[PDB]
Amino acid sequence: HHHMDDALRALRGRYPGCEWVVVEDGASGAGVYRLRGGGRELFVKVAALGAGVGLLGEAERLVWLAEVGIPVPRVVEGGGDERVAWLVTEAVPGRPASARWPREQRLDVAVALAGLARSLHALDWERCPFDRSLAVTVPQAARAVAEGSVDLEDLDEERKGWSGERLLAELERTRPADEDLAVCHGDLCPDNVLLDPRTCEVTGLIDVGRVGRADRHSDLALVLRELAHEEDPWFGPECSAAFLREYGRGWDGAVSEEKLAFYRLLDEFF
């Protein structure tokens, strides 16, 4: 593209002497980089399209999260518009919950994940400026389908070969009766949580573009879908029990397997 090439070259002039490491590519040079040079490290995200409306919103979310006390790295800048935008932050130290952790630490990561879930869900959602409730997310699911932006070739086994239109039928059919609101991350996967390699303290949350009020099960669903794995990520049934014991401290409910199913299905649309 072009707007993109502009954005990357202006970015590169603003961080001279910084070495660029590709952490995920896509489009032109359109993804995620680690920039490093004595000895500061930044994370740089540049996004292809409305992936870019996403990033402007992420700056706002990140700043608000820092003020309210969730560990998130500090923002350096972000910009652009529909089509191409970007976001620069201080890098978050540590290792992602995603990495293969020493076996004797896996339960601790599980627990730290739950603790971070609990701190996010302890915020009073009426303070939160951002809305990611079913009034927002269900229409986004319909527009993705109608856009053919839904990745139908990598759904979860129970739906291989479903059409977008059949996916959206299932979503509308199963939508929950009620939203038990909390301030949610909205893509709370071990990938987006980094932690200190020694203590398992959470050091930062990343990819907060979907932060907003929503049913807490929107966070539980995705974390538990990932924690169920034993390889890539390196968790499993005991870690999910440990996440659930810790989250329960916590919150006296009431974890609904139907809401999890629903929020796992919602996520297929994004």
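Note that residue numbering begins at 1 and tracks the sequence as displayed.
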Got a sec? Mean C-alpha B-factor, which is higher, 112-120 or 171-179?
171-179
Test of understanding: from the entry's C-alpha B-factors, which stretch has the higher mean, 65-73 or 37-45?
37-45
Check the PDB entry and point out which of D187, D196, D156, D131 has the largest C-alpha temperature factor.
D156
Can you tell me which of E201, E230, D219, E58 has the highest Cα temperature factor in the record?
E230
Split into thirds by Cα B-factor across the chain's modelled residues, where does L266 land: lowest, middle or highest?
lowest
Sorting the chain's CA B-factors, does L260 end up in the lowest, middle or highest third?
lowest
In terms of the CA temperature factor given in the entry, to which third of its chain does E238 belong: lowest, middle or highest?
highest
Mind checking which third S163 falls in for C-alpha B-factor across the chain?
middle
Ordered by C-alpha B-factor within the chain, which third holds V136? Give me lowest, middle or highest, please.
lowest
